[PDB]
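Asker: Take a look at run-v7.cif, mmCIF, N, CA and C atoms (P, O5', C5', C4', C3', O3' and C1' of nucleotides):
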```
data_start
loop_
_atom_site.label_atom_id
_atom_site.label_comp_id
_atom_site.auth_asym_id
_atom_site.auth_seq_id
_atom_site.Cartn_x
_atom_site.Cartn_y
_atom_site.Cartn_z
N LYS A 148 -4.02 -11.47 -7.19
CA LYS A 148 -5.10 -10.65 -7.73
C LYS A 148 -5.49 -9.53 -6.76
N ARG A 149 -5.80 -8.36 -7.32
CA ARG A 149 -6.12 -7.17 -6.53
C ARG A 149 -7.63 -7.05 -6.37
N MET A 150 -8.12 -7.22 -5.14
CA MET A 150 -9.54 -7.21 -4.84
C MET A 150 -10.03 -5.80 -4.53
N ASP A 151 -11.28 -5.54 -4.86
CA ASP A 151 -11.88 -4.26 -4.52
C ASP A 151 -12.02 -4.16 -3.00
N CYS A 152 -11.85 -2.95 -2.47
CA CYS A 152 -11.96 -2.67 -1.04
C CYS A 152 -13.04 -1.63 -0.81
N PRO A 153 -14.29 -2.05 -0.62
CA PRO A 153 -15.39 -1.09 -0.59
C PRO A 153 -15.33 -0.11 0.57
N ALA A 154 -14.60 -0.43 1.64
CA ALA A 154 -14.45 0.47 2.78
C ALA A 154 -13.57 1.68 2.49
N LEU A 155 -12.88 1.70 1.35
CA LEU A 155 -12.05 2.79 0.86
C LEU A 155 -12.68 3.45 -0.36
N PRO A 156 -12.22 4.65 -0.72
CA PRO A 156 -12.74 5.35 -1.92
C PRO A 156 -12.71 4.50 -3.17
N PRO A 157 -13.56 4.80 -4.16
CA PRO A 157 -13.59 3.99 -5.39
C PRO A 157 -12.22 3.88 -6.03
N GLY A 158 -11.93 2.72 -6.60
CA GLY A 158 -10.66 2.48 -7.23
C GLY A 158 -9.62 1.84 -6.33
N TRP A 159 -9.83 1.82 -5.02
CA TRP A 159 -8.87 1.24 -4.09
C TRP A 159 -8.98 -0.27 -4.10
N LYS A 160 -7.82 -0.94 -4.15
CA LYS A 160 -7.72 -2.39 -4.26
C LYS A 160 -6.76 -2.92 -3.21
N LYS A 161 -7.05 -4.12 -2.72
CA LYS A 161 -6.26 -4.83 -1.72
C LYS A 161 -5.66 -6.08 -2.36
N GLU A 162 -4.40 -6.36 -2.06
CA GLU A 162 -3.74 -7.57 -2.54
C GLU A 162 -2.97 -8.21 -1.40
N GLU A 163 -3.10 -9.53 -1.29
CA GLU A 163 -2.45 -10.33 -0.26
C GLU A 163 -1.48 -11.29 -0.91
N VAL A 164 -0.21 -11.21 -0.53
CA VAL A 164 0.87 -11.91 -1.23
C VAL A 164 1.56 -12.86 -0.27
N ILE A 165 1.49 -14.15 -0.59
CA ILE A 165 2.14 -15.19 0.21
C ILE A 165 3.64 -15.12 -0.01
N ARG A 166 4.40 -15.15 1.08
CA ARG A 166 5.85 -15.24 0.97
C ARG A 166 6.24 -16.63 0.48
N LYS A 167 7.21 -16.67 -0.44
CA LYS A 167 7.52 -17.90 -1.17
C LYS A 167 8.72 -18.65 -0.62
N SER A 168 9.62 -17.96 0.08
CA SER A 168 10.87 -18.57 0.49
C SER A 168 11.31 -17.96 1.82
N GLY A 169 12.40 -18.49 2.35
CA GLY A 169 12.96 -18.00 3.60
C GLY A 169 12.22 -18.52 4.82
N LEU A 170 12.72 -18.12 5.99
CA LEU A 170 12.12 -18.61 7.23
C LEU A 170 10.68 -18.13 7.38
N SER A 171 10.35 -17.00 6.77
CA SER A 171 8.99 -16.50 6.84
C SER A 171 8.13 -16.99 5.69
N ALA A 172 8.65 -17.92 4.88
CA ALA A 172 7.86 -18.57 3.85
C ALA A 172 6.55 -19.04 4.44
N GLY A 173 5.47 -18.88 3.68
CA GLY A 173 4.16 -19.23 4.16
C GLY A 173 3.38 -18.06 4.72
N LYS A 174 4.06 -17.10 5.33
CA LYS A 174 3.38 -15.91 5.83
C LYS A 174 2.91 -15.03 4.66
N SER A 175 2.11 -14.02 4.95
CA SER A 175 1.60 -13.19 3.87
C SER A 175 1.68 -11.70 4.22
N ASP A 176 1.83 -10.87 3.19
CA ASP A 176 1.78 -9.42 3.31
C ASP A 176 0.55 -8.89 2.58
N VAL A 177 0.00 -7.79 3.12
CA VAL A 177 -1.14 -7.12 2.51
C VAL A 177 -0.71 -5.77 1.97
N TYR A 178 -1.21 -5.45 0.78
CA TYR A 178 -0.96 -4.20 0.10
C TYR A 178 -2.26 -3.59 -0.38
N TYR A 179 -2.27 -2.28 -0.47
CA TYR A 179 -3.36 -1.55 -1.06
C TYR A 179 -2.81 -0.74 -2.21
N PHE A 180 -3.66 -0.49 -3.20
CA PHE A 180 -3.25 0.30 -4.35
C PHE A 180 -4.24 1.43 -4.50
N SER A 181 -3.71 2.64 -4.64
CA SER A 181 -4.54 3.80 -4.84
C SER A 181 -5.14 3.77 -6.24
N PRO A 182 -6.20 4.55 -6.46
CA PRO A 182 -6.73 4.69 -7.82
C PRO A 182 -5.67 4.96 -8.88
N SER A 183 -4.60 5.70 -8.55
CA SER A 183 -3.48 5.95 -9.46
C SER A 183 -2.43 4.84 -9.45
N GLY A 184 -2.67 3.75 -8.71
CA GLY A 184 -1.76 2.63 -8.69
C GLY A 184 -0.64 2.69 -7.68
N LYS A 185 -0.56 3.72 -6.83
CA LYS A 185 0.48 3.77 -5.81
C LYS A 185 0.26 2.71 -4.73
N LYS A 186 1.36 2.11 -4.28
CA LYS A 186 1.34 0.97 -3.37
C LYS A 186 1.51 1.43 -1.92
N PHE A 187 0.73 0.83 -1.02
CA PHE A 187 0.77 1.16 0.40
C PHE A 187 1.00 -0.11 1.20
N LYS A 188 1.95 -0.04 2.14
CA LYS A 188 2.43 -1.18 2.91
C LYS A 188 1.99 -1.16 4.38
N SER A 189 1.35 -0.09 4.84
CA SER A 189 0.96 -0.03 6.25
C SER A 189 -0.22 0.91 6.40
N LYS A 190 -0.87 0.79 7.55
CA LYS A 190 -2.01 1.63 7.87
C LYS A 190 -1.58 3.09 8.08
N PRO A 191 -0.48 3.37 8.81
CA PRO A 191 -0.09 4.79 8.95
C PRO A 191 0.16 5.46 7.62
N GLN A 192 0.76 4.72 6.68
CA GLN A 192 1.02 5.25 5.34
C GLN A 192 -0.28 5.58 4.60
N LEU A 193 -1.28 4.70 4.69
CA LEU A 193 -2.61 5.04 4.17
C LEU A 193 -3.16 6.29 4.85
N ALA A 194 -3.06 6.34 6.19
CA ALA A 194 -3.61 7.46 6.96
C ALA A 194 -3.03 8.77 6.48
N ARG A 195 -1.70 8.83 6.38
CA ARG A 195 -1.03 10.04 5.92
C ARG A 195 -1.50 10.44 4.52
N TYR A 196 -1.88 9.47 3.69
CA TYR A 196 -2.34 9.82 2.36
C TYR A 196 -3.81 10.20 2.35
N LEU A 197 -4.65 9.48 3.08
CA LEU A 197 -6.07 9.76 2.97
C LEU A 197 -6.52 10.91 3.86
N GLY A 198 -5.83 11.16 4.97
CA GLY A 198 -6.20 12.28 5.83
C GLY A 198 -7.66 12.22 6.21
N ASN A 199 -8.34 13.36 6.07
CA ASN A 199 -9.72 13.51 6.52
C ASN A 199 -10.71 12.89 5.56
N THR A 200 -10.22 12.18 4.54
CA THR A 200 -11.12 11.55 3.58
C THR A 200 -11.86 10.38 4.19
N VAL A 201 -11.23 9.68 5.12
CA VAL A 201 -11.86 8.57 5.82
C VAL A 201 -11.12 8.40 7.14
N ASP A 202 -11.88 8.03 8.17
CA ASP A 202 -11.33 7.72 9.48
C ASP A 202 -10.94 6.25 9.47
N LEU A 203 -9.64 5.98 9.53
CA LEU A 203 -9.12 4.62 9.49
C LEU A 203 -8.89 4.04 10.87
N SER A 204 -9.40 4.68 11.91
CA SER A 204 -9.14 4.21 13.27
C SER A 204 -9.70 2.80 13.48
N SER A 205 -10.91 2.54 12.99
CA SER A 205 -11.56 1.23 13.10
C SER A 205 -11.23 0.29 11.94
N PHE A 206 -10.24 0.64 11.11
CA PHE A 206 -9.91 -0.09 9.88
C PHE A 206 -8.88 -1.18 10.16
N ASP A 207 -9.22 -2.43 9.81
CA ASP A 207 -8.30 -3.57 9.92
C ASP A 207 -7.48 -3.67 8.65
N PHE A 208 -6.20 -3.31 8.74
CA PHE A 208 -5.38 -3.26 7.54
C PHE A 208 -5.37 -4.59 6.82
N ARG A 209 -5.22 -5.68 7.57
CA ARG A 209 -5.08 -7.04 7.00
C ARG A 209 -6.34 -7.48 6.26
N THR A 210 -7.52 -7.28 6.84
CA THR A 210 -8.73 -7.77 6.19
C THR A 210 -9.43 -6.72 5.36
N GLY A 211 -9.06 -5.45 5.51
CA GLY A 211 -9.69 -4.39 4.74
C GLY A 211 -11.12 -4.10 5.11
N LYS A 212 -11.50 -4.34 6.36
CA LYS A 212 -12.85 -4.11 6.85
C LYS A 212 -12.80 -3.10 7.99
N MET A 213 -13.92 -2.41 8.20
CA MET A 213 -14.11 -1.58 9.39
C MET A 213 -14.65 -2.46 10.51
N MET A 214 -13.80 -2.79 11.48
CA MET A 214 -14.19 -3.68 12.57
C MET A 214 -14.25 -2.88 13.87
N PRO A 215 -15.45 -2.59 14.42
CA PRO A 215 -15.59 -1.76 15.62
C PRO A 215 -15.70 -2.57 16.91
"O5'" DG B 1 22.51 6.58 -8.32
"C5'" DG B 1 21.63 6.63 -7.21
"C4'" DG B 1 20.21 6.32 -7.63
"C3'" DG B 1 19.21 6.22 -6.50
"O3'" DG B 1 17.90 6.43 -7.00
"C1'" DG B 1 19.57 4.07 -7.37
P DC B 2 16.62 6.21 -6.06
"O5'" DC B 2 15.97 4.85 -6.59
"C5'" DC B 2 15.55 4.78 -7.92
"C4'" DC B 2 14.79 3.50 -8.20
"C3'" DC B 2 13.64 3.21 -7.25
"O3'" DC B 2 12.54 2.68 -7.99
"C1'" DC B 2 15.17 1.41 -7.22
P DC B 3 11.11 2.53 -7.29
"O5'" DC B 3 11.12 1.04 -6.77
"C5'" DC B 3 10.99 -0.02 -7.67
"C4'" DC B 3 11.01 -1.30 -6.89
"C3'" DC B 3 10.06 -1.32 -5.67
"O3'" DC B 3 9.48 -2.61 -5.53
"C1'" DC B 3 12.21 -1.82 -4.98
P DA B 4 8.01 -2.92 -6.10
"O5'" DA B 4 7.96 -4.50 -6.14
"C5'" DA B 4 8.75 -5.18 -7.06
"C4'" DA B 4 9.32 -6.45 -6.48
"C3'" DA B 4 8.36 -7.31 -5.66
"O3'" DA B 4 8.65 -8.66 -5.92
"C1'" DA B 4 10.16 -6.59 -4.28
P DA B 5 7.74 -9.83 -5.30
"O5'" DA B 5 8.62 -10.35 -4.08
"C5'" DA B 5 9.92 -10.82 -4.33
"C4'" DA B 5 10.64 -11.02 -3.02
"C3'" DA B 5 9.80 -11.72 -1.97
"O3'" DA B 5 10.40 -12.94 -1.65
"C1'" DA B 5 10.94 -9.81 -1.10
"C1'" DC B 6 12.27 -11.37 3.20
"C3'" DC B 6 12.22 -13.74 3.29
"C4'" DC B 6 12.69 -13.25 1.94
"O3'" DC B 6 13.41 -14.13 3.99
"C5'" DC B 6 12.00 -13.92 0.76
"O5'" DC B 6 10.63 -13.59 0.76
P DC B 6 9.77 -13.92 -0.56
P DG B 7 13.56 -14.67 5.55
"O5'" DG B 7 14.05 -13.36 6.27
"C5'" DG B 7 15.29 -12.79 5.89
"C4'" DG B 7 15.69 -11.67 6.83
"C3'" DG B 7 15.64 -12.01 8.31
"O3'" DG B 7 16.72 -11.35 8.95
"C1'" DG B 7 14.20 -10.21 7.87
P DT B 8 17.22 -11.68 10.46
"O5'" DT B 8 16.42 -10.60 11.28
"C5'" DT B 8 16.67 -9.22 11.04
"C4'" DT B 8 15.67 -8.37 11.77
"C3'" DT B 8 15.40 -8.78 13.21
"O3'" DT B 8 15.96 -7.81 14.09
"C1'" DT B 8 13.44 -8.11 12.04
P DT B 9 16.09 -8.12 15.62
"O5'" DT B 9 14.94 -7.23 16.26
"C5'" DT B 9 14.81 -5.87 15.88
"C4'" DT B 9 13.55 -5.30 16.48
"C3'" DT B 9 13.30 -5.73 17.92
"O3'" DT B 9 12.59 -4.69 18.59
"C1'" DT B 9 11.49 -6.33 16.63
P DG B 10 13.25 -3.91 19.74
"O5'" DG B 10 12.08 -2.94 20.17
"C5'" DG B 10 11.75 -1.87 19.31
"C4'" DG B 10 10.27 -1.61 19.37
"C3'" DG B 10 9.73 -1.49 20.79
"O3'" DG B 10 8.70 -0.51 20.76
"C1'" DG B 10 8.73 -3.34 19.75
P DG B 11 8.23 0.17 22.06
"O5'" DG B 11 6.67 -0.14 22.06
"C5'" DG B 11 5.92 -0.11 20.83
"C4'" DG B 11 4.73 -1.04 20.91
"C3'" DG B 11 4.03 -1.08 22.27
"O3'" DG B 11 2.63 -0.86 22.09
"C1'" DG B 11 4.51 -3.28 21.53
P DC B 12 1.65 -0.78 23.36
"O5'" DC B 12 1.02 -2.22 23.41
"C5'" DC B 12 -0.02 -2.53 22.50
"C4'" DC B 12 -0.29 -4.02 22.51
"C3'" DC B 12 -0.93 -4.54 23.78
"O3'" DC B 12 -2.34 -4.42 23.66
"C1'" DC B 12 0.68 -6.06 22.84
"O5'" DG C 1 4.69 -18.90 23.64
"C5'" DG C 1 5.15 -18.83 22.29
"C4'" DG C 1 4.03 -18.38 21.36
"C3'" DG C 1 4.44 -18.18 19.92
"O3'" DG C 1 3.28 -18.31 19.10
"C1'" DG C 1 4.01 -16.07 20.93
P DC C 2 3.27 -18.23 17.47
"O5'" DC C 2 2.52 -16.87 17.22
"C5'" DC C 2 1.17 -16.71 17.65
"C4'" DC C 2 0.71 -15.29 17.46
"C3'" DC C 2 0.86 -14.77 16.04
"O3'" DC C 2 -0.31 -14.07 15.68
"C1'" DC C 2 1.93 -13.31 17.53
P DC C 3 -0.76 -13.86 14.16
"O5'" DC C 3 -0.25 -12.39 13.89
"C5'" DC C 3 -0.85 -11.29 14.56
"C4'" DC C 3 -0.10 -10.03 14.21
"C3'" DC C 3 0.28 -9.90 12.74
"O3'" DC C 3 0.20 -8.54 12.38
"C1'" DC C 3 2.13 -9.54 14.05
P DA C 4 -0.97 -8.03 11.56
"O5'" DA C 4 -0.84 -6.46 11.72
"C5'" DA C 4 -1.27 -5.80 12.91
"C4'" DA C 4 -0.37 -4.62 13.21
"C3'" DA C 4 -0.23 -3.61 12.09
"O3'" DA C 4 0.00 -2.34 12.68
"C1'" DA C 4 1.86 -4.60 12.51
P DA C 5 -0.14 -1.04 11.85
"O5'" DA C 5 1.35 -0.72 11.45
"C5'" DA C 5 2.25 -0.27 12.43
"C4'" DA C 5 3.65 -0.35 11.89
"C3'" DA C 5 3.88 0.31 10.54
"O3'" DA C 5 4.57 1.53 10.78
"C1'" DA C 5 5.07 -1.76 10.82
"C1'" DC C 6 9.05 -0.75 8.79
"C3'" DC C 6 9.38 1.52 9.05
"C4'" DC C 6 8.57 0.98 10.21
"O3'" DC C 6 10.70 1.36 9.52
"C5'" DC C 6 7.35 1.80 10.53
"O5'" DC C 6 6.55 1.95 9.37
P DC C 6 5.06 2.46 9.64
P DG C 7 11.89 2.27 8.95
"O5'" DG C 7 13.11 1.26 8.88
"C5'" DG C 7 13.58 0.65 10.05
"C4'" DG C 7 14.55 -0.46 9.74
"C3'" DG C 7 15.68 -0.13 8.76
"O3'" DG C 7 16.85 -0.84 9.18
"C1'" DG C 7 14.39 -1.88 7.87
P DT C 8 18.19 -0.71 8.34
"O5'" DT C 8 18.25 -2.03 7.47
"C5'" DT C 8 18.27 -3.28 8.10
"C4'" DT C 8 18.49 -4.36 7.07
"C3'" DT C 8 19.61 -4.10 6.08
"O3'" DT C 8 20.27 -5.34 5.86
"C1'" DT C 8 17.60 -4.48 4.93
P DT C 9 21.72 -5.41 5.18
"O5'" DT C 9 21.42 -6.13 3.81
"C5'" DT C 9 20.47 -7.17 3.77
"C4'" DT C 9 20.20 -7.57 2.34
"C3'" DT C 9 21.30 -7.17 1.35
"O3'" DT C 9 21.36 -8.11 0.34
"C1'" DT C 9 19.29 -6.24 0.67
P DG C 10 22.65 -9.05 0.15
"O5'" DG C 10 22.16 -10.05 -0.99
"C5'" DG C 10 20.88 -10.65 -0.86
"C4'" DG C 10 20.20 -10.89 -2.21
"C3'" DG C 10 21.10 -11.21 -3.37
"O3'" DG C 10 20.38 -12.04 -4.20
"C1'" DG C 10 20.00 -9.14 -3.77
P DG C 11 21.04 -12.68 -5.50
"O5'" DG C 11 20.31 -11.92 -6.68
"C5'" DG C 11 18.90 -11.91 -6.70
"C4'" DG C 11 18.40 -10.87 -7.67
"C3'" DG C 11 19.12 -10.86 -9.02
"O3'" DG C 11 18.18 -11.06 -10.05
"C1'" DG C 11 18.91 -8.68 -8.12
P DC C 12 18.65 -11.11 -11.58
"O5'" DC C 12 18.36 -9.65 -12.11
"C5'" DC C 12 17.04 -9.13 -12.07
"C4'" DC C 12 17.07 -7.63 -12.34
"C3'" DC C 12 17.92 -7.23 -13.53
"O3'" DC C 12 17.13 -7.23 -14.70
"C1'" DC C 12 18.12 -5.72 -11.66
#
```
Show me this structure written as structure tokens.
Answerer:
Amino acid sequence: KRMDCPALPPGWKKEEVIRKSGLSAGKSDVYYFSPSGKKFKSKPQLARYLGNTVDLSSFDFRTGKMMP
DNA sequence: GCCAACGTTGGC
DNA sequence: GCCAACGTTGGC
């Protein structure tokens, strides 16, 4: 399920997906979805898209919070 | 050719 | 030793 991420612009959602198989089974990946539904796999990728819209320097990609 | 899913490693 | 970040690839 895609959760709302209030630290990002309206419409932004975070999803955490448990790996199901392989040696990394049990681990999890985090994704964000833009208001238009585009998928983001890393903080630099978000940064390049959001630019000056928000400062992501204090942003924890995994938890989706601003942690200073 | 695409991309979801897992593998992989450099930087800490 | 962990994990953020991105590379690889099997299945479609």
Asker: Evaluated on this file, the PyMOL selection byres ((chain B) within 8 of (chain A)) picks out some residues - which ones are they, written as a ChimeraX atom specification?
Answerer: /B:5-7
Asker: Any chance you could resolve the PyMOL selection byres (((chain B and resi 1 and name CA+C1') around 12) and name CA+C1') against this file and give the residues as JSON, numbers by chain?
Answerer: {"B": [2, 3], "C": [12]}
Asker: Just the residues within 8 Å of residue A:156, please, counting all atoms listed in the file, with nothing from its chain fewer than 5 positions along; format it as a PyMOL selection string.
Answerer: chain A and resi 182+200-201
Asker: Since we have the selection now, will you write its residues out, keeping N, CA and C atoms, as a tab-separated table (two decimals), in the frame of the given file?
Answerer:
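New file part-v6.tsv:
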```
chain	number	residue	atom	x	y	z
A	182	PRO	N	-6.20	4.55	-6.46
A	182	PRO	CA	-6.73	4.69	-7.82
A	182	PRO	C	-5.67	4.96	-8.88
A	200	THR	N	-10.22	12.18	4.54
A	200	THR	CA	-11.12	11.55	3.58
A	200	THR	C	-11.86	10.38	4.19
A	201	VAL	N	-11.23	9.68	5.12
A	201	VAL	CA	-11.86	8.57	5.82
A	201	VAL	C	-11.12	8.40	7.14
```
Asker: If you run DSSP on this backbone, which residues of chain A come out as strand (DSSP E), and could you give them as JSON, numbers by chain?
Answerer: {"A": [150, 151, 160, 161, 162, 163, 164, 165, 175, 176, 177, 178, 179, 180, 186, 187, 206, 207, 212, 213]}
Asker: Identify all residues satisfying the PyMOL selection byres (((chain A and resi 191 and name CA+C1') around 12) and name CA+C1') in the given file; provide them as a VMD selection string.
Answerer: (chain A and resid 187 to 190 192 to 198 202 to 204 206 to 208) or (chain C and resid 4 to 6)
Asker: Will you model N, CA, C and O atoms for stretch 162-174 of chain A and pass it back as a PDB file, in the frame of the given file?
Answerer:
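Writing done, so here's selection_29.pdb:
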```pdb
ATOM      1  N   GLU A 162      -4.400  -6.360  -2.060  1.00  0.00           N
ATOM      2  CA  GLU A 162      -3.740  -7.570  -2.540  1.00  0.00           C
ATOM      3  C   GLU A 162      -2.970  -8.210  -1.400  1.00  0.00           C
ATOM      4  O   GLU A 162      -2.234  -7.538  -0.687  1.00  0.00           O
ATOM      5  N   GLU A 163      -3.100  -9.530  -1.290  1.00  0.00           N
ATOM      6  CA  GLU A 163      -2.450 -10.330  -0.260  1.00  0.00           C
ATOM      7  C   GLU A 163      -1.480 -11.290  -0.910  1.00  0.00           C
ATOM      8  O   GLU A 163      -1.887 -12.118  -1.730  1.00  0.00           O
ATOM      9  N   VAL A 164      -0.210 -11.210  -0.530  1.00  0.00           N
ATOM     10  CA  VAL A 164       0.870 -11.910  -1.230  1.00  0.00           C
ATOM     11  C   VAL A 164       1.560 -12.860  -0.270  1.00  0.00           C
ATOM     12  O   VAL A 164       2.173 -12.426   0.712  1.00  0.00           O
ATOM     13  N   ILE A 165       1.490 -14.150  -0.590  1.00  0.00           N
ATOM     14  CA  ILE A 165       2.140 -15.190   0.210  1.00  0.00           C
ATOM     15  C   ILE A 165       3.640 -15.120  -0.010  1.00  0.00           C
ATOM     16  O   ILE A 165       4.101 -15.006  -1.152  1.00  0.00           O
ATOM     17  N   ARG A 166       4.400 -15.150   1.080  1.00  0.00           N
ATOM     18  CA  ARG A 166       5.850 -15.240   0.970  1.00  0.00           C
ATOM     19  C   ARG A 166       6.240 -16.630   0.480  1.00  0.00           C
ATOM     20  O   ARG A 166       5.716 -17.642   0.942  1.00  0.00           O
ATOM     21  N   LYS A 167       7.210 -16.670  -0.440  1.00  0.00           N
ATOM     22  CA  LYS A 167       7.520 -17.900  -1.170  1.00  0.00           C
ATOM     23  C   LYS A 167       8.720 -18.650  -0.620  1.00  0.00           C
ATOM     24  O   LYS A 167       8.823 -19.867  -0.818  1.00  0.00           O
ATOM     25  N   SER A 168       9.620 -17.960   0.080  1.00  0.00           N
ATOM     26  CA  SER A 168      10.870 -18.570   0.490  1.00  0.00           C
ATOM     27  C   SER A 168      11.310 -17.960   1.820  1.00  0.00           C
ATOM     28  O   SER A 168      10.728 -17.002   2.309  1.00  0.00           O
ATOM     29  N   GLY A 169      12.400 -18.490   2.350  1.00  0.00           N
ATOM     30  CA  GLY A 169      12.960 -18.000   3.600  1.00  0.00           C
ATOM     31  C   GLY A 169      12.220 -18.520   4.820  1.00  0.00           C
ATOM     32  O   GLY A 169      11.256 -19.286   4.737  1.00  0.00           O
ATOM     33  N   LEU A 170      12.720 -18.120   5.990  1.00  0.00           N
ATOM     34  CA  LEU A 170      12.120 -18.610   7.230  1.00  0.00           C
ATOM     35  C   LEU A 170      10.680 -18.130   7.380  1.00  0.00           C
ATOM     36  O   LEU A 170       9.863 -18.781   8.042  1.00  0.00           O
ATOM     37  N   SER A 171      10.350 -17.000   6.770  1.00  0.00           N
ATOM     38  CA  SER A 171       8.990 -16.500   6.840  1.00  0.00           C
ATOM     39  C   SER A 171       8.130 -16.990   5.690  1.00  0.00           C
ATOM     40  O   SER A 171       6.978 -16.566   5.568  1.00  0.00           O
ATOM     41  N   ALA A 172       8.650 -17.920   4.880  1.00  0.00           N
ATOM     42  CA  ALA A 172       7.860 -18.570   3.850  1.00  0.00           C
ATOM     43  C   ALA A 172       6.550 -19.040   4.440  1.00  0.00           C
ATOM     44  O   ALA A 172       6.501 -19.505   5.578  1.00  0.00           O
ATOM     45  N   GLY A 173       5.470 -18.880   3.680  1.00  0.00           N
ATOM     46  CA  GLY A 173       4.160 -19.230   4.160  1.00  0.00           C
ATOM     47  C   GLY A 173       3.380 -18.060   4.720  1.00  0.00           C
ATOM     48  O   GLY A 173       2.150 -18.045   4.613  1.00  0.00           O
ATOM     49  N   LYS A 174       4.060 -17.100   5.330  1.00  0.00           N
ATOM     50  CA  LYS A 174       3.380 -15.910   5.830  1.00  0.00           C
ATOM     51  C   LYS A 174       2.910 -15.030   4.660  1.00  0.00           C
ATOM     52  O   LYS A 174       3.187 -15.315   3.494  1.00  0.00           O
TER      53      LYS A 174
END
```
